[PDB]
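Undergrad: Please read through the structure below; I'll follow up with questions.
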């Protein structure tokens, strides 16, 4: 009838992954009664405008040949560096490849993706270039944007030696810096559930056509193999690329975070579900749903037009991973950023493992299968109230825990012992205007 | 600890979509904290025995040619009009194409569907004919039944311009009328969950056979491409067509509704789940599961017979739509109906949208993300007690709301403040015999 | 606010399927308001070392020819009978084919499966041989193990004539016996959720190659049909074959059961979910997920290497069935067993049906759609505390029901009337050392 | 009632409560010669049945009587043609159809 | 506000609460001549507005007054250039941006 210490610690580390107090690591409070080891991955990256040495072409140029550095089309990228730029970071529930960074000369109208599969996607220190017309880039084209994946190798090593896994919490911090007289810019951040699933796109086979003109050989196998079949299965994310522009996100989600660029960001990505079961590691090729073009059977048609029905475009990322289901997808935009910027990305991903016999993980097991229903109910209750992001320096929230968790833990059902803990009011996270009030009306003076 | 006004309003509009009091429209009480607009579509159609001008052939006759009107095989349909007829309406959780109407000369033993994909399915005012042998109809055959889809175009327009959607409630009313001395007939109505899913049927490729008889050309590519692959993915509904006859439905489901034809019907279709998350619009070709013929690996066989295992027949509807998941499928039969009938179908579909930036919906947003756990728990509790349908004139139930919702809202958990509201007894919805008693034993005198 | 009698009876029969008191059969307490009949299948099998007459080859030898008895390679199996053996039983949530028996000369390091589809898998009294190198066995090879499926035919007959079904409970008892001075051996048992799903593996088509060398015929159709497509859909179980060795299971799961062989086992397999909805019978080919070999897009590669991504091996069982979703998979090992053993397998499977009109089941319907939220919550609460198995003779647990169910039914929420029922402590199921204490500390003296 | 053959389809629908009730058997014997051979199609759920008729017939067999008197039993008049239908206890039967 | 045309898009978003409030209209007319023409871009959510200004002005109109005295109203000094801004009740406005 009262939240235990383990449940409270899990709630703290789930809602505030990078809270300075969050030193110990605690598992999911479901009493799984399985031998588990909890791994915490803290990584730091220093992103800035890449030099020519770390740029590669995604086009057919590097198709069978390995990655090809840009053949001194870098002059166009310097032209980008003349003016302000835009920097998107997209945190899908990918376990490795924690975030995807993208650099634009100016803010796009949508989060476009290429219909053709890219060539050798590059891990963070290296980038890959994409043309301005939404296609893969070969040398001698018009670069449109740069893209890279931020990769955690230890996560891959540990996922190899694990019977099961589940993501416990994940946070991303974006400490922003720029030269003096160059601090101008804005930052927007949002979270939303993009519930991916294993789907296969509809493709066409090739009909065989033979003309046996021989005197004795007149088979004439004109059979039509050009039927509609299913491609190989991929984990497809229904992220709305066309609606990922910063303005649309700001005006769609109320808990979206907006501020000056210098404030940075701090996204504690959250789960969209009450439960969090273990899953066996099963990496798959990842893809993103697009939009359909031919209406097909959306109108009265014949069988010949059934095949070309509303088939949604599937954008292959050429990246394989196992995703954390029911976890939100985060997206942050830095618009109007000085090209001489420096973003210190800090990621903290804590996840639970069931070790495989004889594996490395088996030497770090930790057997307290604690149970706490109240903590899980409180997490579900709080999912819809927490803002999607905070300023990079805004950690160790006073309202969190002893106040917010206590003031919310006694609504669920009648699981209430203390009569009244504290009234809860609607906060106003107006970081742009310095009129921020927390969940209890206490103003938040600027600590950075 | 007490149901709010918004939750009560949502419950009222979800259980009684066409209650006369239900004027205001309220969203799902989950506190989604997203900008949403709720759209209410009320449509009215006047179905009757169609004339020859609105009848089209579904066979291979209209394969590449557009829809072909019946070549004056209408004499057989007039012969149908000599005697009594049967009228089925099937409400799948399709968003557009709210219902499917079907006209039979006499009651069938099952809800059959054609193995071959039909040609140009017709929206309501036009019908499409199917032969008596369960096949598509070409001119010069024996017509078996007529079929049409009742289509809502505004739903399609709004679904195009939406990031996400969810069905809030849906009701169908069937006000029946017939000439004097022709009011004979019966009406049956039922609801049941047909949990569809994205599946692909198992099909066969075509093996290529070449006989290179040339003196130098003797390749002889006899390779067998005739393997088993997967067709394109479709949303398949596991509706039991073989068990959709009126008698089977009446004797299977206790809450099934039976009455005289003149009573009409009023189906407030219900959800089968506790939750109701937003989903991105994603129309797909719709299909219905059949039954398998070859047992295949259901008996000890070899690999050659694994492919022809228990492969269930999939009936393509040649209609594309996005369905509302976890919502019941309704089916109503009008048996022994005078062919000179007139059914006023009234449909009310209210659903919530997340507007896309710059779209039309964005001009009608409505930001009260209210939360009410008690209302959702009450809906789950009541799902199994509400009858599947009511007489067409039976609206504004006195027992509903202040009595039923109050008398059920205090069982869940111990979320109870008022000591005792009202005892709840089992109703007896005997509309045929005029011995109807509501949930509290109060008799229901005939108001129509 | 108090658990009803029907809910308590369902809980008793779900947690203790073969409790001697469990005579009456009760349905799922959800108030489905559907006509249902509950069928109880109790079956008994006497497994022992098979003779030569009941052994068949799974290799390509019996490909088009029916099952072929071993061509007196039985001498090797007698050599097996010289020493101690190992006997695995694997209870997948298959409805028919309740368990799969497997006989090994010595304990394997993993639960291997053959990449090639076996030929004519044999129902229990007959076995099928597999070679030592993890391949199908033809006559004149090195036998590796024997395998058989324990099949319930009445379940198939009743599933044919049913609109819907759901598994209510399932238990397996393993009464072990051996000659005097031959009782040596150990038994291990475990349960874990292997959440299968309908998936299709990624396969390759065959590119067509024609050389039209004729003077007038020079088509040269060199088109590459060798693309990547999806095979036919199968129900795939993610059971970790590589981690199913007895030691790994013992050290992974805390509730795993270990004892002397003579104790036998008694696995009351449990559900992993709160709910249990009806499902339409839909048998499919069953398969088991393996592990991938080529990393593919797990590293930066090109499009040509996207197809050979992390494609997990799928092991076809050549068996078709409909599975009970969200039910645990059980696995028990008898290691170091005297080859002259005798295992009396007793299976009790009770499941609910919605009868089809005119079917046999319709003559045994039973209409008490009772509802009990407390029972379902108690089942969810208890899922993580019950041990995975008990000694074969350990039935009619005193702590169960009046003590355990009562002592757990008043934690959920505040649905509590009796102030304090009984304190609950952590049991110690040390069957090997005869230091067993139940959930309340009362020692369990050996009753067998 | 069936006795299921072992392994047959009936064996999955068994119901094990072999109740014993002699008084019901003697009541059935006594009531055989009193009940009419047929009723109108709509004449179901007879009120006189059970708590009145079975009770008024359960104490005569043997001397197994506990309650003093249940209700006097009179000869009914099943005159459906003339709409003068009486009951075993004199209560008139108004036509429900 | 729109009056929708039949069959138009707007007809799917109607909202029927024809509320009436004379006091609000009179207060708006009264306040038209006191509100400054503009504010700094960051100056939203004025504390004086509503519970203070609207209340302190809603009881001058006519004698439509129930509460005896709400709050005295003084002339503000919107000197944004010199950072000497005082609202309608003399409370200084510290720079929030």
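No value in this document is a laboratory result; all are computed from the given coordinates. We place every Cβ from the backbone using ideal geometry, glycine too, and count neighbours over all the protein chains shown.
Undergrad: Which distance in nm do the two modelled labels at residue C:367 and residue E:8 give, with both placed 7 Å along the Cα-to-Cβ direction?
TA: Going from the residue C:367 label point to the residue E:8 one covers 5.5 nm.
Undergrad: Restricting to segment C:188-324, what percent of DSSP beta bridges are antiparallel, rounded to 5?
TA: So the antiparallel bridges amount to about 80 percent of the total.
Undergrad: Using alpha-carbon positions, what is the distance between the centroids of segment C:103-119 and segment A:121-174, in Å?
TA: When both Cα centres are located, 39 Å separates them.
Undergrad: I want to verify a result. In a Gaussian network model of chain C, Cα cutoff 10 Å, which of these has the top mean-square fluctuation: C:21, C:299, C:313?
TA: C:299
Undergrad: Given the options C:225, C:202, C:42, state which has the largest fluctuation in a GNM of chain C using a 10 Å cut-off (strictly under) for Cα springs.
TA: Checking each option, the largest mean-square fluctuation is seen for C:225.
Undergrad: Considering the convex hull of the alpha carbon atoms of segment C:52-177, report its projected area averaged over all viewing directions, in nm², one decimal.
TA: With the hull built on Cα positions only, its mean projection is 9.6 nm².
Undergrad: In addition: Taking a ≥ b ≥ c as the square roots of the eigenvalues of the Cα gyration tensor of segment C:367-448, is the shape rounded (a/c under 1.5), prolate (a/b larger than b/c) or oblate?
TA: prolate
Undergrad: Given Cα pairs under 8 Å that are at least 6 residues apart, what percent is the relative contact order of segment B:89-220?
TA: Once divided by the residue count of segment B:89-220, the mean separation gives 19 percent.
Undergrad: Further question: Give the average, rounded to an integer, of partner chain Cβ atoms located within 10 angstrom of each Cβ in C:277-286.
TA: 5
Undergrad: Moving to a separate point now. Give me the base-10 log of I(q)/I(0) for segment B:216-300 at each q in 0.23, 0.25 Å⁻¹, Debye formula, one uniform scatterer per Cα, rounded to two decimals.
TA: Summing over Cα pairs of segment B:216-300 leads to -1.32, -1.36.
Undergrad: How many angstrom separate the Cα center of segment B:351-422 from the Cα center of segment C:381-400?
TA: Rounded to whole Å, the Cα centres lie 41 Å apart.
Undergrad: Relative to the longest principal axis of the C-alpha atoms of chain C, give the angle of the C-alpha long axis of helix C:373-382, reported between 0 and 90° and rounded to the nearest 10°.
TA: Computed tilt is about 70 degrees.
Undergrad: Turning to a different aspect of this structure: Considering Cα pairs under 8 angstrom that are at least six residues apart, work out the relative contact order of chain C and quote it in whole percent.
TA: About 26 percent, as a whole number.
Undergrad: Does a label point 7 Å from the Cα of residue B:326, set along Cα-to-beta-carbon, have any residues of segment A:368-399 with amide nitrogen under 16 Å, and which are they?
TA: Zone members listed by number: A:380-381.
Undergrad: Please give the Cα centre distance for segment B:54-100 versus segment B:182-244, rounded to the nearest Å.
TA: Centre-to-centre distance over Cα atoms comes out at 24 Å.
Undergrad: Using alpha carbons only, how many degrees (0 to 90, rounded to 10) separate the axis of helix A:5-15 from the longest principal axis of chain A?
TA: 50
Undergrad: Residues in segment E:43-62, backbone N under 16 Å from the label point at residue E:25 (7 Å along the Cα-to-beta-carbon vector): list them, ranges by number please.
TA: Correct set: E:61-62.
Undergrad: Over segment B:1-63, what portion of Cα pair distances is larger than 18 Å, expressed as a whole percent?
TA: 60
Undergrad: Please list the three semi-axes, largest first and in whole Å, of the ellipsoid equivalent to segment D:1-55, using sqrt of 5 times the eigenvalues of its alpha carbon gyration tensor.
TA: On the way: eigenvalues 203, 58, 25 Å².
Equivalent ellipsoid semi-axes, largest first: 32, 17, 11 Å.
Undergrad: Here's another thing I want to ask about it. With only alpha-carbon atoms in the gyration tensor, what are the semi-axes of the equivalent ellipsoid for segment A:1-110, in Å, largest first?
TA: Numbers: eigenvalues 373, 66, 30 Å².
Equivalent ellipsoid semi-axes, largest first: 43, 18, 12 Å.
Undergrad: In addition: What are the extents of the Cα atoms of segment B:242-368 along their three principal axes, listed from largest to smallest and rounded to whole Å?
TA: On the principal axes, segment B:242-368 reaches 62, 48, 31 Å in Cα extent.
Undergrad: Okay, moving on. Report, as an integer, the average count of C-beta atoms from other chains found within 10 Å of each Cβ along C:116-129.
TA: Per residue, the average neighbour count from other chains is 2.
Undergrad: Further question: What whole-number volume per residue, in cubic angstrom, does the convex hull of the C-alpha atoms of chain B give? Don't skip to the answer; put the middle values down first.
TA: Numbers: hull volume 90.1 nm³, N = 448.
Value for chain B: 201 Å³ per residue.
Undergrad: With an 8 Å Cα cut-off and a minimum separation of 6 or more residues, compute the relative contact order for segment A:255-371 in percent.
TA: 26
Undergrad: Direction-averaged shadow area of the convex hull around the Cα atoms of the protein assembly as shown, nm²?
TA: 73.0
Undergrad: Over the residues of segment C:312-362, compute the C-alpha Rg and express it relative to 2.2 N^0.38 Å. Present the calculation step by step, with values, prior to reporting the outcome.
TA: Details: Rg = 18.0 Å, N = 51, 2.2 N^0.38 = 9.8 Å.
Its radius of gyration relative to the 2.2 N^0.38 Å reference: 1.83.
Undergrad: So what's the back-of-envelope 222 nm ellipticity for the protein assembly as shown, counting only DSSP H runs of four-plus at -39500 (n - 2.57) apiece and dividing by all residues, rounded to 500?
TA: Taken over the protein assembly as shown, the calculation gives -3000 deg cm²/dmol.
Undergrad: Over all directions, how big on average is the projection of the convex hull of the alpha-carbon atoms in chain E, in square nanometres?
TA: 9.4
Undergrad: Please work out whether segment A:346-397 counts as rounded, prolate or oblate from its C-alpha gyration tensor, where a ≥ b ≥ c are the square roots of the eigenvalues and a/c under 1.5 means rounded, while otherwise a/b larger than b/c means prolate and anything else oblate? Present the calculation step by step, with values, prior to reporting the outcome.
TA: On the way: a/c = 3.28, a/b = 1.61, b/c = 2.04.
In terms of gyration-tensor shape, oblate.
Undergrad: From the mean inverse distance of alpha carbon pairs (Kirkwood) and the Cα radius of gyration, derive Rg over Rh for segment A:137-201.
TA: Working: Rg = 18.9 Å, Rh = 17.8 Å.
Across segment A:137-201, the Cα-based Rg/Rh ratio is 1.06.
Undergrad: Please say if segment B:41-80 is rounded, prolate or oblate, where rounded means a/c under 1.5 for a ≥ b ≥ c the square roots of the C-alpha gyration tensor eigenvalues, and otherwise the choice is prolate for a/b larger than b/c and oblate otherwise?
TA: Details: a/c = 3.35, a/b = 1.30, b/c = 2.57.
Cα axes put segment B:41-80 in the oblate bin.
Undergrad: Separate question: Count, for each residue of C:308-316, the Cβ atoms from other chains sitting within 10 Å of its Cβ, then give me the mean as a whole number.
TA: Values: counts 1, 10, 7, 5, 4, 0, 0, 0, 3.
For this peptide, the per-residue mean of nearby foreign Cβ atoms is 3.
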